[PDB]
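Asks: Attaching a single structure in structure tokens format; questions to follow.
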Amino acid sequence: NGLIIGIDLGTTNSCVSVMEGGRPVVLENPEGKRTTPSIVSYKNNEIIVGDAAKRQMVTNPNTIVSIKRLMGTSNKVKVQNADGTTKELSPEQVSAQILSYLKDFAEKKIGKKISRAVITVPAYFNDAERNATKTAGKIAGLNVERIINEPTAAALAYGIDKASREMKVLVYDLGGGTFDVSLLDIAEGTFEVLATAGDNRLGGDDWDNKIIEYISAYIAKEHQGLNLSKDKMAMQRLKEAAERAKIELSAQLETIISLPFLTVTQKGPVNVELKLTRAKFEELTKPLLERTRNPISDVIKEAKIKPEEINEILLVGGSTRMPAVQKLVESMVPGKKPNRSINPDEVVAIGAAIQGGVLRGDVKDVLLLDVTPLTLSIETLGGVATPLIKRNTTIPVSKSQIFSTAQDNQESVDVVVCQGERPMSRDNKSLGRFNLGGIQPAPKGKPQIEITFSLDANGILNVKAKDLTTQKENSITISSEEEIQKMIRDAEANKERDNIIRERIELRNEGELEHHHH
Ligand SMILES: Nc1ncnc2c1ncn2[C@@H]1O[C@H](COP(=O)(O)OP(=O)(O)NP(=O)(O)O)[C@@H](O)[C@H]1O
Ligand SMILES: [Mg+2]
């Protein structure tokens, strides 16, 4: 039936994607963000999800952070109601509020009701943890069409199932809260996790916490041991400044932590303006980073392969944007370049969306080529396909040829554009047509009409026709692996018939364009 959205339900952040026009699109939340914090808060008996919850996660004690850690268990989380009574919530219920929020903004963005999803989980998730996640989906009104592993979703996003060979893929995933490295075997559409190793208390939060310690040490040095660890608002600001500083250090060699009026003492306002260099940050966080190294070696050994047998390495998770992380992974597989070309905080959701598209059976996923797959032609006298841009021409490109009229005293020319390898235009795919009129009366072969086929870097086709005497011109702009193969097959299947046709066709004299009333 309807669309199947792909959901990465992360410990720290969540992300929702869907197939639109044969490409996966990541949907922005109402604050314009492509990921949403996996945080739920409660105030005045109102449920607050995402960015607005994160902004009060220290200051509002009703805030539920890292609920994914309790998924698959019978633990309950307590929150206070407005009246001071206590409410108990299951991990399923809290996760369902995150899913409902994603679902709601997805619906408003797409403009349709959504009732189906593919939801991702860590490779290590057992049945209790997977079933908890499925139940969360059900509570949010989503038929959970499949639960897939996060590294499997990443591999799907990178098209690794299209390799037509056995692929051994290392997926290094460093998120906000968790670290995983999984070794996948991918052959004939089957994904097997050969090994998974990691730490669910090691992620970007821990790097932030080292910056918090650095700021705190500076504060104490500059203000006689001043300690804000029990000041909730100050700690809210420190956590946010620390994450911001870290993110800047992925693109800068230094950053300034700016916290005016962090508190006020008897002596006055405490204003922090503190430099942190990338080098210092890396030194402080070295023990955290180094905890991710041995597990790489461990999964390779578990899978009973050598490092040189790894075909591809994928970087997943927002923390893999850190230069020290990328360099560490590179160091562990000499001669292989880790892939991070798909935004690593979106790649899992993208893979989930791709899986959704597959399960729906839409089969629409288009290609993005830098060379023309099929020949582009104009219809000439007798229904002949006269080529303008030959197949396998690198785009962008413009090609021109001059044509004449097919009949004496012809007033206009039809410009019929077709795609395919067959010699008769009717046997190829019609891409569109237009007419160019105002041609002055003359014998057939006398008028001269310049035809130009132009393909831009985006692969969009502009066909222009200019009468070289009158200077009048008209044009049009023209708006799938299986369809390309179907057309090549049609030519292959009629090769002998078409050769006989071609033997009657001489393209070397000036071509002529007909006009037929419609
Ligand atoms: N440019 C960047 N540089 C450094 N860290 C970043 C960057 N962008 C995002 N992050 C961090 O990436 C982490 C979030 O990763 P993300 O993959 O979105 O979380 P997740 O999928 O919930 N994984 P987990 O928390 O392990 O379940 C946070 O610690 C962010 O601060
Ligand atoms: Mg993720």
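Residues in the structure tokens are numbered from 1 in each chain, the chains being A, B, ... in the order shown, and ligands are numbered from 1 in the order shown.
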For residue A:308, work out the shell of residues within 9 Å, counting only C-alpha atoms and skipping chain neighbours fewer than 4 positions away, then give it as a list in words.
Replies: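 Returned residues: residues 333, 334, 335 and 336 of chain A.
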Asks: Please give the complete set of residues from stretch 120-173 of chain A that DSSP, run on the backbone, assigns to strand (DSSP E), formatted as a list in words.
Replies: residues 120, 121, 143, 144, 145, 146, 147, 148, 149, 167, 168, 169, 170, 171, 172 and 173 of chain A
Asks: Would you output that residue set with N, CA, C and O atoms, as a compact mmCIF listing (two decimals), in the first residue's frame?
Replies:
```txt
# COMPACT_ATOMS: atom_id res chain seq x y z
N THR A 120 15.55 0.87 12.31
CA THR A 120 16.86 0.26 12.49
C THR A 120 17.21 0.03 13.96
O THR A 120 16.70 0.73 14.85
N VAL A 121 18.07 -0.96 14.19
CA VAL A 121 18.59 -1.31 15.52
C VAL A 121 20.08 -1.64 15.44
O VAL A 121 20.58 -2.01 14.37
N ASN A 143 2.97 0.31 11.03
CA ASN A 143 3.21 -1.10 10.72
C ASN A 143 4.70 -1.23 10.46
O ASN A 143 5.21 -0.67 9.48
N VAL A 144 5.41 -1.91 11.35
CA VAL A 144 6.85 -2.07 11.22
C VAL A 144 7.10 -3.20 10.22
O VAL A 144 7.01 -4.38 10.57
N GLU A 145 7.40 -2.82 8.98
CA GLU A 145 7.54 -3.77 7.88
C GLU A 145 8.80 -4.62 8.04
O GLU A 145 8.79 -5.81 7.72
N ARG A 146 9.89 -4.02 8.53
CA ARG A 146 11.07 -4.76 8.92
C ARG A 146 11.89 -3.99 9.95
O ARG A 146 11.85 -2.76 9.99
N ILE A 147 12.56 -4.74 10.81
CA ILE A 147 13.65 -4.24 11.64
C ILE A 147 14.93 -4.69 10.95
O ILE A 147 15.10 -5.88 10.71
N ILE A 148 15.82 -3.75 10.62
CA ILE A 148 17.16 -4.09 10.09
C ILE A 148 18.29 -3.53 10.95
O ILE A 148 18.09 -2.54 11.67
N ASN A 149 19.47 -4.14 10.85
CA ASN A 149 20.66 -3.68 11.61
C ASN A 149 21.16 -2.35 11.07
O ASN A 149 21.11 -2.10 9.87
N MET A 167 31.18 -9.24 -0.64
CA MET A 167 31.82 -8.06 -0.07
C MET A 167 31.96 -8.26 1.43
O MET A 167 31.00 -8.65 2.09
N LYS A 168 33.17 -8.03 1.95
CA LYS A 168 33.44 -8.01 3.37
C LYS A 168 33.59 -6.53 3.72
O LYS A 168 34.48 -5.85 3.20
N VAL A 169 32.69 -6.04 4.56
CA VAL A 169 32.56 -4.60 4.83
C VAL A 169 32.73 -4.33 6.32
O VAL A 169 32.03 -4.93 7.15
N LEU A 170 33.65 -3.43 6.66
CA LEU A 170 33.85 -2.97 8.02
C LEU A 170 33.02 -1.69 8.22
O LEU A 170 33.18 -0.71 7.49
N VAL A 171 32.14 -1.71 9.21
CA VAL A 171 31.31 -0.56 9.52
C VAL A 171 31.69 -0.09 10.91
O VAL A 171 31.44 -0.78 11.90
N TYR A 172 32.32 1.08 10.97
CA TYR A 172 32.73 1.71 12.22
C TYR A 172 31.71 2.80 12.52
O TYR A 172 31.59 3.76 11.78
N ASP A 173 30.99 2.63 13.63
CA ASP A 173 29.89 3.50 14.03
C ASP A 173 30.18 4.12 15.40
O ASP A 173 30.11 3.44 16.43
```
Asks: Find the residues near residue A:444: any atom within 10 Å, counting only C-alpha atoms, skip ones fewer than 2 places away on the same chain, and give them as a PyMOL selection string.
Replies: chain A and resi 404-410+441-442+446-447+512-513
Asks: Against ligand 2, which residues of chain A fall within 10 Å? For each one I want the closest pair of atoms and the distance in Å (one decimal), counting only C-alpha atoms and all ligand atoms, rows by chain and increasing residue number, as a Markdown table.
Replies:
```
| residue | atom | partner | partner_atom_place_in_ligand_line | distance |
| --- | --- | --- | --- | --- |
| A:7 | CA | ligand 2 | 1 (Mg) | 9.7 |
| A:8 | CA | ligand 2 | 1 (Mg) | 6.0 |
| A:9 | CA | ligand 2 | 1 (Mg) | 7.4 |
| A:10 | CA | ligand 2 | 1 (Mg) | 5.4 |
| A:11 | CA | ligand 2 | 1 (Mg) | 8.1 |
| A:12 | CA | ligand 2 | 1 (Mg) | 8.3 |
| A:13 | CA | ligand 2 | 1 (Mg) | 7.0 |
| A:14 | CA | ligand 2 | 1 (Mg) | 7.0 |
| A:15 | CA | ligand 2 | 1 (Mg) | 7.8 |
| A:35 | CA | ligand 2 | 1 (Mg) | 9.5 |
| A:120 | CA | ligand 2 | 1 (Mg) | 8.9 |
| A:121 | CA | ligand 2 | 1 (Mg) | 9.2 |
| A:122 | CA | ligand 2 | 1 (Mg) | 9.2 |
| A:150 | CA | ligand 2 | 1 (Mg) | 7.3 |
| A:151 | CA | ligand 2 | 1 (Mg) | 9.5 |
| A:153 | CA | ligand 2 | 1 (Mg) | 9.9 |
| A:154 | CA | ligand 2 | 1 (Mg) | 9.3 |
| A:173 | CA | ligand 2 | 1 (Mg) | 7.7 |
| A:174 | CA | ligand 2 | 1 (Mg) | 8.3 |
| A:175 | CA | ligand 2 | 1 (Mg) | 6.3 |
| A:176 | CA | ligand 2 | 1 (Mg) | 8.7 |
| A:178 | CA | ligand 2 | 1 (Mg) | 9.5 |
| A:316 | CA | ligand 2 | 1 (Mg) | 6.8 |
| A:317 | CA | ligand 2 | 1 (Mg) | 5.1 |
| A:318 | CA | ligand 2 | 1 (Mg) | 7.6 |
| A:344 | CA | ligand 2 | 1 (Mg) | 7.5 |
| A:345 | CA | ligand 2 | 1 (Mg) | 5.4 |
| A:346 | CA | ligand 2 | 1 (Mg) | 6.8 |
| A:347 | CA | ligand 2 | 1 (Mg) | 7.4 |
| A:348 | CA | ligand 2 | 1 (Mg) | 5.8 |
| A:349 | CA | ligand 2 | 1 (Mg) | 7.6 |
```
Asks: Take the residues from that selection and put them in a file with C-alpha atoms, as a short mmCIF file (atom, residue, chain, number, x, y, z; two decimals), in the first residue's frame.
Replies:
```cif
data_model
loop_
_atom_site.label_atom_id
_atom_site.label_comp_id
_atom_site.auth_asym_id
_atom_site.auth_seq_id
_atom_site.Cartn_x
_atom_site.Cartn_y
_atom_site.Cartn_z
CA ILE A 7 13.74 5.60 10.73
CA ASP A 8 17.07 5.62 12.54
CA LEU A 9 15.99 5.59 16.19
CA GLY A 10 19.31 6.51 17.83
CA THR A 11 20.37 6.75 21.47
CA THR A 12 21.25 10.42 20.95
CA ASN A 13 19.66 11.53 17.68
CA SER A 14 16.99 10.21 15.34
CA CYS A 15 16.57 10.67 11.61
CA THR A 35 18.29 15.00 12.82
CA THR A 120 16.86 0.26 12.49
CA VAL A 121 18.59 -1.31 15.52
CA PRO A 122 22.18 -2.05 16.58
CA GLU A 150 22.26 -0.23 11.56
CA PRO A 151 25.36 -1.47 9.65
CA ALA A 153 21.23 -0.03 6.61
CA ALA A 154 24.57 1.77 6.08
CA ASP A 173 29.89 3.50 14.03
CA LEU A 174 30.66 6.17 16.64
CA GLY A 175 27.54 8.02 17.76
CA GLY A 176 26.67 10.31 20.67
CA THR A 178 27.58 4.29 21.67
CA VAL A 316 28.76 5.89 10.45
CA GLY A 317 27.73 8.27 13.23
CA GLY A 318 28.20 12.02 13.74
CA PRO A 344 27.31 9.76 8.58
CA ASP A 345 24.51 10.93 10.92
CA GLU A 346 21.95 10.37 8.08
CA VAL A 347 23.28 7.22 6.35
CA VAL A 348 21.39 4.70 8.53
CA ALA A 349 18.03 6.45 7.93
#
```
Asks: Pick from A:256, A:65, A:194, A:106: nearest to ligand 1, with only C-alpha atoms and all ligand atoms counted?
Replies: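 Looking at the shortest contact to ligand 1, the residue is A:65.
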Asks: How far is it from atom CA of residue A:269 to atom CA of residue A:214, in Å with one decimal?
Replies: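 Answer for the atom CA of residue A:269 to atom CA of residue A:214 separation: 19.9 Å.
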Asks: Show me, as an MDAnalysis selection string, the residues that have an atom within 12 Å of stretch 302-305 of chain A when counting only C-alpha atoms, minus same-chain residues fewer than 6 positions from it.
Replies: chainID A and resid 168:170 181:185 192:197 295:296 311
Asks: Quick one: write out the picked residues with N, CA, C and O atoms as a PDB file, in the first residue's frame?
Replies:
```
ATOM      1  N   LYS A 168      33.169  -8.025   1.946  1.00  0.00           N
ATOM      2  CA  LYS A 168      33.442  -8.011   3.373  1.00  0.00           C
ATOM      3  C   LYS A 168      33.591  -6.532   3.721  1.00  0.00           C
ATOM      4  O   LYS A 168      34.484  -5.849   3.204  1.00  0.00           O
ATOM      5  N   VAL A 169      32.686  -6.038   4.560  1.00  0.00           N
ATOM      6  CA  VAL A 169      32.561  -4.605   4.830  1.00  0.00           C
ATOM      7  C   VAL A 169      32.727  -4.332   6.325  1.00  0.00           C
ATOM      8  O   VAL A 169      32.034  -4.929   7.146  1.00  0.00           O
ATOM      9  N   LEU A 170      33.651  -3.434   6.656  1.00  0.00           N
ATOM     10  CA  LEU A 170      33.846  -2.967   8.018  1.00  0.00           C
ATOM     11  C   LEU A 170      33.022  -1.690   8.218  1.00  0.00           C
ATOM     12  O   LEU A 170      33.184  -0.712   7.491  1.00  0.00           O
ATOM     13  N   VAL A 181      31.639  -1.571  16.054  1.00  0.00           N
ATOM     14  CA  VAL A 181      32.275  -1.945  14.804  1.00  0.00           C
ATOM     15  C   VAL A 181      31.763  -3.340  14.465  1.00  0.00           C
ATOM     16  O   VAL A 181      31.785  -4.233  15.318  1.00  0.00           O
ATOM     17  N   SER A 182      31.212  -3.478  13.258  1.00  0.00           N
ATOM     18  CA  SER A 182      30.645  -4.729  12.760  1.00  0.00           C
ATOM     19  C   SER A 182      31.324  -5.078  11.444  1.00  0.00           C
ATOM     20  O   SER A 182      31.620  -4.186  10.636  1.00  0.00           O
ATOM     21  N   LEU A 183      31.571  -6.370  11.238  1.00  0.00           N
ATOM     22  CA  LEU A 183      32.090  -6.877   9.968  1.00  0.00           C
ATOM     23  C   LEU A 183      30.942  -7.602   9.262  1.00  0.00           C
ATOM     24  O   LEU A 183      30.405  -8.587   9.788  1.00  0.00           O
ATOM     25  N   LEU A 184      30.544  -7.093   8.098  1.00  0.00           N
ATOM     26  CA  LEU A 184      29.449  -7.684   7.327  1.00  0.00           C
ATOM     27  C   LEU A 184      29.972  -8.527   6.181  1.00  0.00           C
ATOM     28  O   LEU A 184      31.000  -8.199   5.590  1.00  0.00           O
ATOM     29  N   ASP A 185      29.256  -9.612   5.887  1.00  0.00           N
ATOM     30  CA  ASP A 185      29.429 -10.350   4.646  1.00  0.00           C
ATOM     31  C   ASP A 185      28.179 -10.144   3.801  1.00  0.00           C
ATOM     32  O   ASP A 185      27.071 -10.448   4.245  1.00  0.00           O
ATOM     33  N   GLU A 192      25.104 -10.872   6.268  1.00  0.00           N
ATOM     34  CA  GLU A 192      25.403 -11.594   7.508  1.00  0.00           C
ATOM     35  C   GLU A 192      26.383 -10.767   8.323  1.00  0.00           C
ATOM     36  O   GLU A 192      27.404 -10.325   7.799  1.00  0.00           O
ATOM     37  N   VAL A 193      26.068 -10.561   9.600  1.00  0.00           N
ATOM     38  CA  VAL A 193      27.005  -9.976  10.545  1.00  0.00           C
ATOM     39  C   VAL A 193      27.932 -11.101  10.993  1.00  0.00           C
ATOM     40  O   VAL A 193      27.516 -12.002  11.724  1.00  0.00           O
ATOM     41  N   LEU A 194      29.178 -11.059  10.528  1.00  0.00           N
ATOM     42  CA  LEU A 194      30.188 -12.025  10.929  1.00  0.00           C
ATOM     43  C   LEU A 194      30.655 -11.794  12.358  1.00  0.00           C
ATOM     44  O   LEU A 194      30.949 -12.749  13.070  1.00  0.00           O
ATOM     45  N   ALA A 195      30.733 -10.525  12.763  1.00  0.00           N
ATOM     46  CA  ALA A 195      31.158 -10.161  14.095  1.00  0.00           C
ATOM     47  C   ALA A 195      30.750  -8.720  14.391  1.00  0.00           C
ATOM     48  O   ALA A 195      30.659  -7.891  13.478  1.00  0.00           O
ATOM     49  N   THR A 196      30.473  -8.461  15.666  1.00  0.00           N
ATOM     50  CA  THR A 196      30.195  -7.121  16.175  1.00  0.00           C
ATOM     51  C   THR A 196      30.841  -6.981  17.555  1.00  0.00           C
ATOM     52  O   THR A 196      30.764  -7.902  18.371  1.00  0.00           O
ATOM     53  N   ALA A 197      31.493  -5.841  17.787  1.00  0.00           N
ATOM     54  CA  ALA A 197      32.128  -5.514  19.063  1.00  0.00           C
ATOM     55  C   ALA A 197      31.989  -4.025  19.302  1.00  0.00           C
ATOM     56  O   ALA A 197      31.988  -3.228  18.353  1.00  0.00           O
ATOM     57  N   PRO A 295      38.848  -3.012  19.297  1.00  0.00           N
ATOM     58  CA  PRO A 295      37.652  -3.662  18.750  1.00  0.00           C
ATOM     59  C   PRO A 295      37.644  -3.861  17.216  1.00  0.00           C
ATOM     60  O   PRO A 295      37.056  -4.839  16.740  1.00  0.00           O
ATOM     61  N   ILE A 296      38.309  -2.977  16.473  1.00  0.00           N
ATOM     62  CA  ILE A 296      38.502  -3.158  15.021  1.00  0.00           C
ATOM     63  C   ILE A 296      39.264  -4.466  14.758  1.00  0.00           C
ATOM     64  O   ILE A 296      38.793  -5.322  14.005  1.00  0.00           O
ATOM     65  N   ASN A 311      36.873  -5.329   1.815  1.00  0.00           N
ATOM     66  CA  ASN A 311      36.621  -4.683   0.527  1.00  0.00           C
ATOM     67  C   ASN A 311      36.232  -3.218   0.671  1.00  0.00           C
ATOM     68  O   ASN A 311      36.595  -2.400  -0.177  1.00  0.00           O
TER      69      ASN A 311
END
```
Asks: Counting only C-alpha atoms, give me one row per residue of stretch 179-295 of chain A with an atom at most 12 Å from an atom of stretch 69-89 of chain A, showing the shortest contact pair and its distance in Å to one decimal, sorted by chain then residue number, as a Markdown table.
Replies:
```
| residue | atom | partner | partner_atom | distance |
| --- | --- | --- | --- | --- |
| A:199 | CA | A:69 | CA | 11.8 |
| A:200 | CA | A:69 | CA | 8.1 |
| A:201 | CA | A:69 | CA | 9.4 |
```
Asks: Pull N, CA, C and O atoms from the residues just selected and write them as a PDB file, in the first residue's frame.
Replies:
```
ATOM      1  N   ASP A 199      31.037  -0.751  22.610  1.00  0.00           N
ATOM      2  CA  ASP A 199      30.878  -0.222  23.951  1.00  0.00           C
ATOM      3  C   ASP A 199      29.667   0.713  23.910  1.00  0.00           C
ATOM      4  O   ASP A 199      29.686   1.723  23.192  1.00  0.00           O
ATOM      5  N   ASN A 200      28.604   0.390  24.643  1.00  0.00           N
ATOM      6  CA  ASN A 200      27.422   1.266  24.664  1.00  0.00           C
ATOM      7  C   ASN A 200      27.498   2.399  25.703  1.00  0.00           C
ATOM      8  O   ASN A 200      26.486   3.051  25.964  1.00  0.00           O
ATOM      9  N   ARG A 201      28.677   2.633  26.288  1.00  0.00           N
ATOM     10  CA  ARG A 201      28.925   3.821  27.125  1.00  0.00           C
ATOM     11  C   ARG A 201      30.176   4.548  26.617  1.00  0.00           C
ATOM     12  O   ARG A 201      31.006   5.004  27.397  1.00  0.00           O
TER      13      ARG A 201
END
```
Asks: Could you give me, as a PDB file with N, CA and C atoms, in the first residue's frame, the residues within 12 Å of residue A:189, counting only C-alpha atoms and dropping anything in the same chain fewer than 3 positions from it?
Replies:
```pdb
ATOM      1  N   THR A 152      23.823  -2.863   8.342  1.00  0.00           N
ATOM      2  CA  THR A 152      23.124  -3.292   7.131  1.00  0.00           C
ATOM      3  C   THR A 152      22.487  -2.099   6.418  1.00  0.00           C
ATOM      4  N   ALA A 155      25.219  -0.133   4.724  1.00  0.00           N
ATOM      5  CA  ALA A 155      25.650  -0.835   3.507  1.00  0.00           C
ATOM      6  C   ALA A 155      24.668  -0.656   2.341  1.00  0.00           C
ATOM      7  N   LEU A 156      23.363  -0.704   2.634  1.00  0.00           N
ATOM      8  CA  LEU A 156      22.310  -0.408   1.641  1.00  0.00           C
ATOM      9  C   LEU A 156      22.390   1.009   1.097  1.00  0.00           C
ATOM     10  N   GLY A 159      24.935   1.226  -1.518  1.00  0.00           N
ATOM     11  CA  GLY A 159      24.671   0.372  -2.672  1.00  0.00           C
ATOM     12  C   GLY A 159      25.515  -0.882  -2.728  1.00  0.00           C
ATOM     13  N   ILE A 160      25.969  -1.375  -1.576  1.00  0.00           N
ATOM     14  CA  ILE A 160      26.923  -2.490  -1.546  1.00  0.00           C
ATOM     15  C   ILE A 160      26.268  -3.803  -1.997  1.00  0.00           C
ATOM     16  N   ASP A 161      24.972  -3.946  -1.737  1.00  0.00           N
ATOM     17  CA  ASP A 161      24.203  -5.075  -2.281  1.00  0.00           C
ATOM     18  C   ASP A 161      24.140  -5.136  -3.816  1.00  0.00           C
ATOM     19  N   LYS A 162      24.525  -4.056  -4.502  1.00  0.00           N
ATOM     20  CA  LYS A 162      24.599  -4.018  -5.965  1.00  0.00           C
ATOM     21  C   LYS A 162      25.975  -4.401  -6.530  1.00  0.00           C
ATOM     22  N   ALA A 163      26.883  -4.921  -5.700  1.00  0.00           N
ATOM     23  CA  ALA A 163      28.262  -5.178  -6.137  1.00  0.00           C
ATOM     24  C   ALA A 163      28.425  -6.356  -7.097  1.00  0.00           C
ATOM     25  N   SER A 164      27.482  -7.305  -7.078  1.00  0.00           N
ATOM     26  CA  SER A 164      27.579  -8.579  -7.827  1.00  0.00           C
ATOM     27  C   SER A 164      28.839  -9.391  -7.497  1.00  0.00           C
ATOM     28  N   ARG A 165      29.203  -9.369  -6.218  1.00  0.00           N
ATOM     29  CA  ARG A 165      30.324 -10.130  -5.690  1.00  0.00           C
ATOM     30  C   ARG A 165      30.223 -10.145  -4.172  1.00  0.00           C
ATOM     31  N   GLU A 166      30.864 -11.124  -3.552  1.00  0.00           N
ATOM     32  CA  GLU A 166      30.933 -11.169  -2.099  1.00  0.00           C
ATOM     33  C   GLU A 166      31.746  -9.974  -1.599  1.00  0.00           C
ATOM     34  N   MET A 167      31.182  -9.240  -0.644  1.00  0.00           N
ATOM     35  CA  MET A 167      31.820  -8.057  -0.066  1.00  0.00           C
ATOM     36  C   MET A 167      31.960  -8.263   1.433  1.00  0.00           C
ATOM     37  N   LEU A 184      30.544  -7.093   8.098  1.00  0.00           N
ATOM     38  CA  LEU A 184      29.449  -7.684   7.327  1.00  0.00           C
ATOM     39  C   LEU A 184      29.972  -8.527   6.181  1.00  0.00           C
ATOM     40  N   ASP A 185      29.256  -9.612   5.887  1.00  0.00           N
ATOM     41  CA  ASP A 185      29.429 -10.350   4.646  1.00  0.00           C
ATOM     42  C   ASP A 185      28.179 -10.144   3.801  1.00  0.00           C
ATOM     43  N   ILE A 186      28.365  -9.628   2.592  1.00  0.00           N
ATOM     44  CA  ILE A 186      27.255  -9.294   1.713  1.00  0.00           C
ATOM     45  C   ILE A 186      27.449 -10.072   0.426  1.00  0.00           C
ATOM     46  N   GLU A 192      25.104 -10.872   6.268  1.00  0.00           N
ATOM     47  CA  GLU A 192      25.403 -11.594   7.508  1.00  0.00           C
ATOM     48  C   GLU A 192      26.383 -10.767   8.323  1.00  0.00           C
ATOM     49  N   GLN A 355      15.450   0.402   1.944  1.00  0.00           N
ATOM     50  CA  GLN A 355      14.789  -0.863   2.282  1.00  0.00           C
ATOM     51  C   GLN A 355      13.258  -0.750   2.192  1.00  0.00           C
ATOM     52  N   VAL A 358      12.194  -0.748  -1.411  1.00  0.00           N
ATOM     53  CA  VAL A 358      12.279  -2.137  -1.889  1.00  0.00           C
ATOM     54  C   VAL A 358      11.051  -2.955  -1.471  1.00  0.00           C
TER      55      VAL A 358
END
```
Asks: Using only C-alpha atoms, which protein or nucleic acid residues come within 12 Å of residue A:518? Drop anything in the same chain fewer than 5 positions from it, and give the result as a PyMOL selection string.
Replies: chain A and resi 414+433-435
Asks: Fewer than 6 positions away in the same chain doesn't count, so skip those; otherwise give me all residues within 10 Å of residue A:507, counting only C-alpha atoms, as an MDAnalysis selection string.
Replies: chainID A and resid 380 384:387
Asks: Save out the residues we just selected, N, CA and C atoms, as a tab-separated table (two decimals), in the first residue's frame.
Replies:
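Result went into out-v5.tsv, see below:
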```tsv
chain	number	residue	atom	x	y	z
A	380	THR	N	13.92	12.17	-38.83
A	380	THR	CA	14.07	12.74	-40.16
A	380	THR	C	13.18	11.99	-41.16
A	384	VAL	N	13.07	8.08	-39.80
A	384	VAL	CA	14.45	7.70	-39.49
A	384	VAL	C	14.95	8.43	-38.24
A	385	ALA	N	15.62	7.72	-37.34
A	385	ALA	CA	16.25	8.32	-36.17
A	385	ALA	C	17.66	8.79	-36.53
A	386	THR	N	17.85	10.10	-36.67
A	386	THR	CA	19.16	10.67	-36.99
A	386	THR	C	19.83	11.06	-35.67
A	387	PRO	N	20.99	10.44	-35.35
A	387	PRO	CA	21.61	10.73	-34.06
A	387	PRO	C	22.26	12.12	-33.99
```
Asks: With only C-alpha atoms as the basis for distance, which of A:343, A:393, A:258, A:494 is at the shortest distance from residue A:372?
Replies: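 Closest candidate: A:393.
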